[PDB]
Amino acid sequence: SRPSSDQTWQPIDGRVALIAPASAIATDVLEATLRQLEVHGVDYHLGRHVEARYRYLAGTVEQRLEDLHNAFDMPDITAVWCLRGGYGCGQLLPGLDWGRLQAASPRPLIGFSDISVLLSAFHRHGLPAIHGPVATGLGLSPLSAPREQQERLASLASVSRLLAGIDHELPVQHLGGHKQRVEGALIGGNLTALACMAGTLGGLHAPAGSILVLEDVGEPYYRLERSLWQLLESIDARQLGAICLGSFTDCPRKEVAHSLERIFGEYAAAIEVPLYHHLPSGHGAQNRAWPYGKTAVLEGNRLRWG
């Protein structure tokens, strides 16, 4: 839409498994998160190791795998909502039992940031997923600007709304390349996270025709370029349908002579892949959920899925 300001949650049937596959979580934020799930009538299961700490990680690989596997063992679970991104979920890939995950009834995996790595791996294995807010967004101290807090809340609500199938599109703007309709699977997420898996068993799943969404946070422009060069070189980039930029938050220009649009535009043109931007997805208050690995269409000023 604009995106829409609407922030009423839809009911979530069943039970949401909460896991922490990446960075460690604060107890106060966790408790506030759980209280908000109860406010919304959302039944949950809290992973046994979500309060573990191992340097900045939410416990060891083994602890995190125990919780991730358990989320697929339990019969009543209808979604797996990651509590926090940051760093570390790619570490789980060597030990992940894909057969155990595939045997379970459908339960979309939800998150963004570092979680983009698991979203991609899930897509590779035909498992449903959502790129959207992490669950601890519910427990954060409110943003000081009321309008930004409202946008955080609309972004959090978009998870249940997408699970329910009631939201179907997000706004975009064409930036470069051809203007024809593009239809393909939605992939991507955090540029840094995905570049940091290239050359590994967790490299981005990028089938032909896909719409590659990219967002990032906290990066100088040269580092964004370095990540983009790596990621595009590492996949069959010329076979992509489109690149669609979300937000680039806390990435100040610092006197770099070329804009971010110029840099991304140059890379997209060199592979003859059209470029879109202004998708309301990323690390700002605007972080609307989108269905990961699902077919969508870029046409005029919208990204629309069925």
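The first residue of the sequence shown is number 1, and the count goes up from there.
Taking the PDB entry as given, 171 to 179 carries the higher mean Cα B factor of the two stretches 186 to 194 and 171 to 179. In this entry, 250 to 258 has the higher mean Cα B-factor, the comparison being between 273 to 281 and 250 to 258.
Per the deposited record, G41 carries the highest C-alpha B-factor of all listed residues (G241, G41, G47, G59). Looking only at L119, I77, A157, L92, the residue with the top Cα B factor in the deposited structure is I77. Annotation for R15: C-alpha temperature factor in the highest third relative to the rest of the modelled chain, per the entry.
In this PDB entry, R161 carries a Cα temperature factor that places it within the middle third of its chain's modelled residues. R35 sits in the highest third of its chain by CA B factor, as recorded in the PDB entry. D216: CA B factor lies in the lowest third for its chain, per the PDB record.
Ranked within its chain, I110 lands in the lowest third, by CA B factor from the PDB record.
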